[PDB]
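Taking the form solved without the named molecule, here's one chain by itself in structure tokens.
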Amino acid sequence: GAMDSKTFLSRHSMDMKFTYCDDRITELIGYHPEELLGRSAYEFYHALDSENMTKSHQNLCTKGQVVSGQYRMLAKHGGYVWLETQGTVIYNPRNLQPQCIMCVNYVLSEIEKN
């Protein structure tokens, strides 16, 4: 295949706001890893495609795994980048509660604006 690709690991917790962001995000979404880790995703988490992600969260909440394709992710300045989410819910082994959310983001299209 031979593909570099733009992919950054992400993590959320329960409500999936954002608890971890790969360093690549500075160049991808424009924010800082520490800028996302500790804020609610759903704000910047896609404008019209957040409903799509709601379906994803709705599915992932009790499937342990989820897939989702090209959506618009809000870039730092209100931009939109088209990405896909490889989703998984890591549950606590000792608690069986949603320990975290493991998201793999694939940057397909670059910054689309307006």
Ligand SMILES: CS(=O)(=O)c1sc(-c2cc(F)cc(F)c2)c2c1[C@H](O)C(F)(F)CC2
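Numbering starts at 1 and follows the sequence shown.
Beyond what is shown, the protein has a form deposited with the named molecule bound; the following relates to that form.
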Contact test in the bound PDB entry: residue 73 vs the named molecule, heavy atoms, 4.5 Å:
yes
Would residue 45 count as touching the named molecule in the bound PDB entry under a 4.5 Å heavy atom rule?
yes
If we define contact as a non-hydrogen atom of the residue within 4.5 angstroms of the partner, is residue 28 a contact of the named molecule in the bound PDB entry?
no
Using heavy atoms and a 4.5 Å limit, would one call residue 41 a contact residue for the named molecule in the bound PDB entry?
yes
Quick one: name the residues from 77-91 with any non-hydrogen atom within 4.5 angstroms of the named molecule in the bound PDB entry.
83, 85, 87
